[PDB]
Each structure stands twice: as structure tokens, then as C-alpha cells.
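**Student:** What follows is the file target.txt, containing compact mmCIF, C-alpha atoms and all ligand atoms:
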# COMPACT_ATOMS: atom_id res chain seq x y z
CA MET U 1 -0.63 111.23 64.72
CA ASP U 2 -3.94 110.93 66.61
CA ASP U 3 -4.33 114.63 67.62
CA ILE U 4 -0.91 116.19 68.38
CA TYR U 5 -2.29 119.22 70.28
CA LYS U 6 -5.29 117.65 72.08
CA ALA U 7 -3.26 114.48 72.89
CA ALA U 8 -1.07 116.18 75.53
CA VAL U 9 -4.07 118.11 76.95
CA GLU U 10 -6.35 115.04 77.22
CA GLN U 11 -3.25 113.16 78.46
CA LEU U 12 -2.25 115.50 81.32
CA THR U 13 -0.56 114.01 84.42
CA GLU U 14 -1.76 114.94 87.94
CA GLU U 15 1.78 116.13 88.83
CA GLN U 16 2.06 118.72 86.02
CA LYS U 17 -1.59 119.77 86.56
CA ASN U 18 -0.91 121.09 90.09
CA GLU U 19 1.94 123.17 88.59
CA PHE U 20 -0.02 124.57 85.62
CA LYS U 21 -2.98 125.52 87.88
CA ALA U 22 -0.72 127.97 89.77
CA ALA U 23 1.17 129.26 86.70
CA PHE U 24 -2.16 129.58 84.84
CA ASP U 25 -3.76 131.40 87.80
CA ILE U 26 -1.12 134.18 87.49
CA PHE U 27 -1.40 134.70 83.70
CA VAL U 28 -5.05 135.73 84.33
CA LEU U 29 -4.06 138.72 86.51
CA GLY U 30 -6.06 141.82 85.46
CA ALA U 31 -8.45 139.96 83.10
CA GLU U 32 -12.16 139.60 83.94
CA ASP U 33 -13.39 135.97 83.80
CA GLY U 34 -9.91 134.43 84.18
CA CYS U 35 -8.18 133.98 80.79
CA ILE U 36 -5.35 135.56 78.74
CA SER U 37 -5.50 137.89 75.70
CA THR U 38 -1.90 138.61 74.61
CA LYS U 39 -0.01 140.76 77.15
CA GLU U 40 -0.86 138.22 79.88
CA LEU U 41 0.68 135.41 77.77
CA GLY U 42 3.98 137.35 77.43
CA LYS U 43 4.79 136.14 80.98
CA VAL U 44 4.33 132.51 79.84
CA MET U 45 7.09 132.92 77.21
CA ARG U 46 9.46 134.75 79.60
CA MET U 47 9.31 131.61 81.81
CA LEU U 48 11.32 129.48 79.33
CA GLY U 49 13.77 132.32 78.61
CA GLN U 50 12.39 134.59 75.85
CA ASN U 51 10.72 138.04 75.78
CA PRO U 52 8.57 138.11 72.63
CA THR U 53 6.14 140.97 71.87
CA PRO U 54 2.40 140.96 72.62
CA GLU U 55 1.76 141.42 68.86
CA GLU U 56 3.40 138.07 67.95
CA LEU U 57 1.34 136.08 70.51
CA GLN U 58 -2.02 137.24 69.07
CA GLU U 59 -1.47 135.44 65.73
CA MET U 60 -0.33 132.35 67.69
CA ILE U 61 -3.57 132.17 69.75
CA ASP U 62 -5.91 131.84 66.72
CA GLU U 63 -3.91 128.74 65.65
CA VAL U 64 -4.08 127.10 69.10
CA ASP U 65 -7.48 128.44 70.26
CA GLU U 66 -10.54 126.48 69.02
CA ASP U 67 -13.35 128.98 69.75
CA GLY U 68 -12.62 132.30 67.99
CA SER U 69 -12.90 134.73 70.93
CA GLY U 70 -9.33 136.15 70.81
CA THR U 71 -8.24 134.69 74.17
CA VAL U 72 -6.42 131.57 75.45
CA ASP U 73 -8.14 129.01 77.73
CA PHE U 74 -6.91 126.43 80.28
CA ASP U 75 -7.14 123.89 77.42
CA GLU U 76 -5.73 125.79 74.40
CA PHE U 77 -2.93 127.01 76.72
CA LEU U 78 -1.40 123.58 77.51
CA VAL U 79 -1.23 123.00 73.72
CA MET U 80 1.32 125.84 73.40
CA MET U 81 3.56 123.97 75.88
CA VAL U 82 3.37 120.72 73.85
CA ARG U 83 4.43 121.67 70.30
CA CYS U 84 7.77 123.00 71.65
CA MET U 85 10.17 120.08 72.32
CA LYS U 86 12.19 120.17 75.58
CA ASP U 87 15.36 121.44 73.83
CA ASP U 88 15.99 124.89 72.27
CA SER U 89 19.69 124.33 71.46
CA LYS U 90 20.10 120.58 72.12
CA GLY U 91 18.88 117.91 69.67
CA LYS U 92 19.57 114.15 69.51
CA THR U 93 21.98 111.42 68.23
CA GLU U 94 25.15 113.60 67.99
CA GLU U 95 23.73 115.75 70.86
CA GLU U 96 22.98 112.70 73.06
CA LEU U 97 26.61 111.45 72.95
CA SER U 98 28.08 114.89 73.84
CA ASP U 99 26.93 114.21 77.44
CA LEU U 100 29.77 111.66 77.82
CA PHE U 101 32.26 114.55 77.43
CA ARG U 102 31.40 115.88 80.93
CA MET U 103 31.93 112.57 82.76
CA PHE U 104 34.98 112.01 80.51
CA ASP U 105 36.65 115.41 81.06
CA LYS U 106 37.66 116.51 84.59
CA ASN U 107 39.51 119.85 84.28
CA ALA U 108 38.43 120.84 80.73
CA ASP U 109 41.76 119.78 79.12
CA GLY U 110 40.09 118.59 75.87
CA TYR U 111 38.70 115.16 76.86
CA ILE U 112 40.82 112.54 78.66
CA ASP U 113 44.50 111.74 79.34
CA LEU U 114 46.47 108.99 81.16
CA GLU U 115 45.23 110.29 84.55
CA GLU U 116 41.66 111.28 83.53
CA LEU U 117 40.92 108.00 81.67
CA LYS U 118 41.32 106.19 85.03
CA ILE U 119 37.90 107.61 86.02
CA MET U 120 36.05 106.48 82.85
CA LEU U 121 37.36 102.93 83.45
CA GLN U 122 36.40 102.86 87.16
CA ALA U 123 32.79 103.71 86.21
CA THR U 124 32.56 100.56 84.05
CA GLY U 125 32.21 97.26 85.97
CA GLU U 126 34.53 95.66 83.35
CA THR U 127 37.96 94.72 84.78
CA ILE U 128 40.50 97.41 83.78
CA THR U 129 44.31 97.13 84.08
CA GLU U 130 47.33 99.28 83.15
CA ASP U 131 47.59 97.72 79.66
CA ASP U 132 43.94 98.66 78.95
CA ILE U 133 44.60 102.36 79.69
CA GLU U 134 47.70 102.68 77.47
CA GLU U 135 45.66 100.99 74.69
CA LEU U 136 42.75 103.46 75.14
CA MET U 137 44.83 106.43 73.91
CA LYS U 138 46.52 104.17 71.29
CA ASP U 139 43.63 103.57 68.83
CA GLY U 140 41.19 105.83 70.74
CA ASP U 141 43.40 108.82 69.83
CA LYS U 142 43.72 110.02 66.21
CA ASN U 143 46.06 113.01 66.74
CA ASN U 144 48.10 111.40 69.58
CA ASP U 145 48.49 114.89 71.12
CA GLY U 146 48.46 113.33 74.64
CA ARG U 147 44.68 113.21 75.24
CA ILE U 148 41.44 112.61 73.32
CA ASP U 149 38.62 114.99 72.23
CA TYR U 150 34.93 115.00 71.12
CA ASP U 151 36.02 114.58 67.47
CA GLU U 152 37.80 111.33 68.46
CA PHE U 153 35.28 109.86 70.95
CA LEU U 154 32.64 110.31 68.19
CA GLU U 155 33.90 107.25 66.27
CA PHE U 156 35.17 105.54 69.45
CA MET U 157 31.49 105.28 70.51
CA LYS U 158 30.37 103.58 67.24
CA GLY U 159 30.21 100.16 68.99
CA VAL U 160 33.96 99.72 69.72
CA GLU U 161 33.48 98.45 73.30
CA CA Q 1 -11.37 130.43 73.00
CA CA Q 2 40.25 116.68 80.99
CA CA Q 3 44.16 113.65 69.59
Go through the file and emit its structure as C-alpha cells.
Ligand SMILES: [Ca+2]
Ligand SMILES: [Ca+2]
Ligand SMILES: [Ca+2]
**Tutor:**
Amino acid sequence: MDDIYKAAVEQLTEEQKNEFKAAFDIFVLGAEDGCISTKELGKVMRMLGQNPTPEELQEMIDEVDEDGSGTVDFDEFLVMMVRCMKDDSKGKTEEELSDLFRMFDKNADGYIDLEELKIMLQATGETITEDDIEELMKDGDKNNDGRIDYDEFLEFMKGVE
């Protein structure tokens, strides 16, 4: 990978720059020149949704910083917001298909039934009839409990339609 930390920095968009300039201008509150030591960076972590300690950020600055002064800069800072993917609990593949569950379920009954499936068919431009709905729960259902569920739609989305 041609520079994984400097790539995002050197490749900054003008839209995210106007947002970092303000967020970065607050992290330097109390400092002298306009940077962040460790306690000032604690506010940067709280933004995502975490309250780490100022002692754990110090060891993280020497790995991102490229000078050796013991402080973060407008450049070494953006690097910290690049190594963390945009997903703390989510992931991919099996996590990307779970999104269909929302549009598939309507009242959180498990997944879809004879009345809920009518919405998943209307979203598709394909022509749907009454025989296509009764067939959806036929092979689409493995337990035949009356509706479907994430465990069933998992294989149903393996290229069936
Ligand atoms: Ca530095
Ligand atoms: Ca439902
Ligand atoms: Ca079932």
C-alpha cells in the first residue's frame, strides 16, 4: 500500500477539510501554539463514542506523529481518523446482507409473512402475482413457521433470483 497514513492526509477532500478545521480548532483549546498533547485529544475520541484515558493517547501519538515533540499536528491528526474503518460493530459480506432485513420486516415479526412479502415484491420492477408470493414462503422458508427469518434469507440471497 503506497503510504496508508499519509495517503488519506495528502488525499483530503475540500468538504471534510472545512469540518476538520473547526473540530481541530477546538482540540487546541488551552494549548499555546495550537496543537494537542493528550488531554486535548480525549475530546476527539469522545466524538465517535468512547471515553479513553489521557494516558492511552500518549503512546498512540508517538506512532502517528512524525517529529518527536510529544504533540499531535494538523497532519498527524487526520491519520488517526484514517486507520479506523467506518464500522465499530458492523463488518461486511454477512453484515452487508443484514440490511435487507429492515426493508423486509415491517413490524419486527421475524422477517416476512404473506402480508409483509407483498412489500418486498412491489419494490422489485419484476412482475409479481399471487402464485409468486405463495411460492416465496414455499422454498424460501425452511421451518415453515408462517414467516421467514435472517437464517433463511441468508441462503435465499445466494443468487436464487
Ligand atoms: Ca510533531
Ligand atoms: Ca415482519
Ligand atoms: Ca421458518
**Student:** For region 68-103 of chain U against region 142-159 of chain U, with a cut-off of 8 Å and counting all atoms listed in the file, what is the closest atom pair and its distance in Å to one decimal for every residue that makes the cut, ordered by chain and number, as a Markdown table?
**Tutor:**
| residue | atom | partner | partner_atom | distance |
| --- | --- | --- | --- | --- |
| U:97 | CA | U:154 | CA | 7.8 |
| U:98 | CA | U:150 | CA | 7.4 |
| U:101 | CA | U:150 | CA | 6.9 |
**Student:** For a test of reading the model, state the distance in Å between CA of residue 49 (chain U) and CA of residue 22 (chain U), rounded to one decimal.
**Tutor:**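 We find that CA of residue 49 (chain U) and CA of residue 22 (chain U) lie 18.8 Å from each other.
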**Student:** Which neighbours of residue 115 (chain U) fall inside 12 Å, counting only C-alpha atoms, when residues of the same chain fewer than 5 positions from it are skipped, and could you give them as a list in words?
**Tutor:**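 These residues fall inside the cut-off: residues 104, 105, 106, 107, 109, 120, 121, 122, 130, 133, 134, 136, 137, 146 and 147 of chain U.
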**Student:** Can you work out which one of U:94, U:132, U:19, U:76 has the shortest atom-to-atom distance to residue 64 (chain U), counting only C-alpha atoms?
**Tutor:**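 Ranking U:94, U:132, U:19, U:76 by distance to residue 64 (chain U), first place goes to U:76.
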**Student:** Mind pulling up the distance from CA of residue 161 (chain U) to CA of residue 119 (chain U)?
**Tutor:**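 These atoms are spaced 16.3 Å apart.
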**Student:** If I only want region 61-79 of chain U, can you write it with N, CA, C and O atoms, as a CSV table (one decimal), in the first residue's frame?
**Tutor:**
chain,number,residue,atom,x,y,z
U,61,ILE,N,0.3,8.7,20.1
U,61,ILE,CA,0.7,9.9,19.3
U,61,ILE,C,2.2,9.6,18.8
U,61,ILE,O,2.5,10.1,17.7
U,62,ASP,N,3.0,8.9,19.5
U,62,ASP,CA,4.4,8.7,19.0
U,62,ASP,C,4.3,7.8,17.8
U,62,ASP,O,5.2,7.8,17.0
U,63,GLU,N,3.3,7.0,17.6
U,63,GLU,CA,3.2,6.1,16.5
U,63,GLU,C,2.6,6.9,15.3
U,63,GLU,O,3.0,6.6,14.1
U,64,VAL,N,1.8,7.8,15.5
U,64,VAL,CA,1.2,8.6,14.4
U,64,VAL,C,2.1,9.9,14.1
U,64,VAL,O,2.3,10.2,13.0
U,65,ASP,N,2.6,10.5,15.2
U,65,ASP,CA,3.4,11.7,15.0
U,65,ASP,C,4.7,11.4,14.2
U,65,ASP,O,5.2,10.3,14.3
U,66,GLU,N,5.2,12.3,13.5
U,66,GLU,CA,6.5,12.0,12.7
U,66,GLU,C,7.6,13.1,13.1
U,66,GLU,O,8.4,13.4,12.3
U,67,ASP,N,7.5,13.7,14.2
U,67,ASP,CA,8.5,14.7,14.6
U,67,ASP,C,9.2,14.3,15.9
U,67,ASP,O,10.4,14.2,15.9
U,68,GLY,N,8.5,14.0,16.9
U,68,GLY,CA,9.1,13.5,18.2
U,68,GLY,C,9.0,14.7,19.2
U,68,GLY,O,9.9,14.9,20.0
U,69,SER,N,8.0,15.4,19.2
U,69,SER,CA,7.8,16.6,20.2
U,69,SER,C,6.8,16.2,21.3
U,69,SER,O,6.8,16.8,22.3
U,70,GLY,N,6.0,15.2,21.1
U,70,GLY,CA,5.1,14.7,22.2
U,70,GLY,C,3.7,15.5,22.0
U,70,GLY,O,3.0,15.8,22.9
U,71,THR,N,3.4,15.8,20.7
U,71,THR,CA,2.1,16.6,20.5
U,71,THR,C,1.6,16.2,19.1
U,71,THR,O,2.4,15.8,18.2
U,72,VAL,N,0.3,16.3,18.9
U,72,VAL,CA,-0.3,16.0,17.5
U,72,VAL,C,-0.3,17.2,16.7
U,72,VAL,O,-0.4,18.3,17.2
U,73,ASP,N,-0.3,17.0,15.4
U,73,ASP,CA,-0.3,18.2,14.5
U,73,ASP,C,-1.5,18.1,13.5
U,73,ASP,O,-2.1,17.0,13.4
U,74,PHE,N,-1.8,19.1,12.8
U,74,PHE,CA,-3.0,19.1,11.8
U,74,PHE,C,-2.8,17.9,10.8
U,74,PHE,O,-3.7,17.4,10.2
U,75,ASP,N,-1.6,17.5,10.6
U,75,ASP,CA,-1.3,16.4,9.7
U,75,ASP,C,-1.4,15.0,10.4
U,75,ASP,O,-2.1,14.2,10.0
U,76,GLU,N,-0.6,14.9,11.4
U,76,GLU,CA,-0.6,13.6,12.1
U,76,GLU,C,-2.0,13.3,12.8
U,76,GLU,O,-2.3,12.2,13.1
U,77,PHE,N,-2.8,14.3,12.9
U,77,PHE,CA,-4.1,14.1,13.5
U,77,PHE,C,-5.0,13.4,12.5
U,77,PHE,O,-5.6,12.4,12.8
U,78,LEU,N,-5.1,13.9,11.3
U,78,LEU,CA,-6.0,13.2,10.3
U,78,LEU,C,-5.7,11.7,10.2
U,78,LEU,O,-6.5,10.9,9.9
U,79,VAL,N,-4.4,11.4,10.4
U,79,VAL,CA,-4.0,9.9,10.2
U,79,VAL,C,-4.8,9.1,11.3
U,79,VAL,O,-5.2,8.0,11.0
